[PDB]
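Q: Just dropping in an experimental structure and the matching sequence.
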Amino acid sequence: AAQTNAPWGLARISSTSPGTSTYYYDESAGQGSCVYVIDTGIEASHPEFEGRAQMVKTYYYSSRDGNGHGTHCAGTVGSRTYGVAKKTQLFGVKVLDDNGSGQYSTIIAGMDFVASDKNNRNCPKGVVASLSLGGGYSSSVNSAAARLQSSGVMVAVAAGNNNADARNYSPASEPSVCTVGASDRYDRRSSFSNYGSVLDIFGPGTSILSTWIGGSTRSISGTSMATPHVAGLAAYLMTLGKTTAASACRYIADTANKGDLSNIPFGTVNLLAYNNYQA
Ligand SMILES: [Ca+2]
Ligand SMILES: [Ca+2]
């Protein structure tokens with residue numbers, strides 16, 4: 001299956017070179033898999049979700065996404081036009097308020113919810129968690145994400161937008177999960193993206209067009225944009241049966257475009273997420 005004039009991020013994860021515009025992917029498109037978007041909530045009524053997105057838990061007065069960040073990331077995972085796995089199930093866990101901030105104990109509770117809620121859903125191909133958030137280091141937040149990954153969920157988290165080493169940021173510094181850095185359309189590391197040994201993979205992060213609240217679309221930048229790319233890629237690869245939740249991050253690093261990114265500091269992996277699809 002091919003989508004022409006795809007967002008540059010989708011065309012890049014299906015190509016070995018930059019500057020393409022077609023996103024190639026298997027037509028299974030993540031059918032049978034689930035992705036929890038642990039963010040500001042999802043506007044499930046957005047036409048681009050086709051009724052495949054729903055809110056399952058909120059920690060605030062409403063499950064409505066008043067920010068739009070959670071909808072943008074849910075779009076990059078599995079929206080029709082802006083989504084990697086165009087046929088995946090999207091579950092909205094709202095751990096942040098409409099300003100985009102939240103407490104660690106709420107984010108930790110939101111991660112423990114996913115580890116239990118997945119036993120009530122039908123996701124035979126597997127379950128993925130996209131965590132487009134982060135702050136200072138927290139051993140309890142790190143152990144929370146380690147708990148989520150240990151329960152059988154592919155945990156993709158953002159590396160942070162501090163232009164610094166991601167060892168000082170949680171849950172980015174938790175080694176058991178998938179820590180995703182950001183790159184731009186010219187195969188440079190995004191100027192904001194964090195780096196370091198703890199990073200596992202890079203994804204398209206700068207100027208990512210996806211869904212927004214009010215049924216609209218907009219393009220934004222951040223490592224929180226590259227994380228849904230990898231989370232949607234994991235669901236895509238898990239539906240194809242090529243990997244499991246416990247091994248998806250290592251598999252994505254195994255089959256990634258090696259050495260394609262510039263501005264990669266020494267000690268940081270030079271791997272860019274790549275679906276390796278051959279039509
Ligand atoms: Ca190349
Ligand atoms: Ca890791």
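A: Everything's here; your move. Numbers count the residues shown, from 1 in each chain. Ligands and ions are numbered 1, 2, ... in the order given.
Q: Which single residue of the stretch 51-200 of the chain ends up nearest ligand 2?
A: The minimum distance from the stretch 51-200 of the chain to ligand 2, using C-beta to the ion, falls at residue 200 (4.4 Å). (Each C-beta comes from the backbone N, C-alpha and C, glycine too.)
Q: how many other residues sit next to that residue?
A: Using other C-beta atoms under 10 Å, residue 200 has 23 neighbouring residues.
Q: Please apply the same query to residue 59.
A: Using other C-beta under 10 Å, residue 59 has 18 other residues around it.
Q: does it really touch residue 112, like I thought?
A: No - when contacts are counted by C-beta atoms under 8 Å, residue 59 is not listed as touching residue 112 (11.7 Å).
Q: before we move on, the earlier item: ok, the residue of the stretch 51-200 of the chain closest to ligand 2 - contacts?
A: By C-beta atoms under 8 Å, 6 or more residues apart in numbering, the contact set of residue 200 is 178-180, 249, 252-253, 269, 271.
Q: Show me which of these is closest to residue 260.
A: Residue 260 lies nearest to residue 271 out of the contacts of residue 200, by C-beta to C-beta, at 8.5 Å.
Q: Test my guess that the closest one contacts residue 202.
A: Yes - using C-beta under 8 Å, residue 271 makes contact with residue 202 at a distance of 6.3 Å.
Q: The two: who's more crowded?
A: Between residue 271 and residue 202, counted using other C-beta under 10 Å, the more crowded position is residue 202 (31 against 23).
Q: Would you agree that one is in contact with residue 182?
A: Yes - the criterion here is C-beta under 8 Å, and residue 202 meets it with residue 182 at 6.9 Å.
Q: got any residues that touch both of those two?
A: Contact with both residue 202 and residue 182 is made by residues 189, 193, 226, according to C-beta under 8 Å, 6+ apart.
Q: so the first one bridges to which residues?
A: Right, the one you point to is residue 189. residue 183 (DSSP bridges).
Q: so what's whatever residue of the stretch 101-250 of the chain ends up closest to ligand 1 up against?
A: In the stretch 101-250 of the chain, the residue that lies nearest ligand 1 is residue 187 (7.8 Å; C-beta to the ion). Residue 187 sits next to 18, 260-262, 272 when contact means C-beta under 8 Å, 6+ apart.
Q: how does it look with 6 Å?
A: 18, 260-261 (C-beta atoms under 6 Å, 6 or more residues apart in numbering).
Q: now residue 172, nearest residue through space, not along the chain?
A: Residue nearest to residue 172 in three dimensions, not counting chain neighbours: residue 166, with 4.5 Å by C-beta to C-beta, 6 or more residues apart in numbering.
Q: Pull the number of nearby residues for the one you found.
A: Burial measure for residue 166: 27 neighbouring residues, criterion other C-beta under 10 Å.
Q: taking the contacts of residue 187 one by one, which sit in helices?
A: Per DSSP state H, helices hold no members of those.
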